[PDB]
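Structure first, then comments.
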Ligand SMILES: NC(=O)[C@H]1CCCN(C(=O)[C@H]2CSc3ccccc32)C1
Ligand SMILES: [Zn+2]
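Here's what the structure looks like:
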């Protein structure tokens with residue numbers, strides 16, 4: 007679990023969105039596993055606007071932050087699950103690091119701010135849904 011709170015927006019994994027997230031929907035994209043909903047209170051986070059490929063993510067299944075080298079956002083095949091049929095997930099960045107399904111929502115951060123959130127993983131990998139291209143989050 008986990009979310010990004012920026013301005014009057016809450017960014018979560020679309021597969022983990024609540025009834026409240028859907029009732030206050032701003033934008034969603036099943037192909038990115040992303041959902042953005044509106045909040046009344048101002049958010050704590052700021053978004054990186056960069057091309058960093060190194061960062062630090064929070065892994066709740068270890069209660070630890072880990073440094074990672076991650077790929078550029080891309081279309082990656084994701085095997086079927088309870089949440090989605092087998093498909094290509096876009097704007098996904100892969101890295102070697104520990105992750106378990108409950109780790110989705112953990113923030114990936116670089117020196118510039120929030121890069122994205124944990125969305126995929128398994129077998130020593132961790133996939134992050136990029137948010138750096140979502141410029142409208144800052145306005
Ligand atoms: N974005 C999706 O389609 C995901 C929906 C939940 C299941 N997905 C996974 O990759 C799991 C497998 S082991 C793991 C480890 C960290 C995170 C997720 C996962 C796919
Ligand atoms: Zn950066």
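Residue numbers (PDB author numbering): 7 to 145. Ideal Cβ placement from N, Cα and C applies to all residues, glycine included.
Straight-line spacing of the CA atoms in residue 117 and residue 26 works out to 32 Å.
Looking at 139, 112, 125 and 127, the one whose alpha-carbon comes closest to that of residue 66 is 112. The Cβ-Cβ distance between residue 126 and residue 81 does not fall below 8 Å.
Within the same chain, 15, 17, 32 and 33 come within 6 Å of residue 42 by CB-CB distance, once the 5 residues on both sides are set aside. The alpha carbon of residue 129 has as its nearest neighbour, out of 140, 90 and 106, the alpha carbon of 106. Residue 76 and residue 54 do not touch by the CB rule: their CB atoms are close to 12 Å apart, not below 8 Å.
Where residue 26 is concerned, the enclosing alpha helix (DSSP H) starts and stops at 25 to 29. Listed in chain order, the non-local C-beta contacts of residue 96 below 7 Å within the same chain comprise 37, 38 and 81, local neighbours out to five positions each way being set aside.
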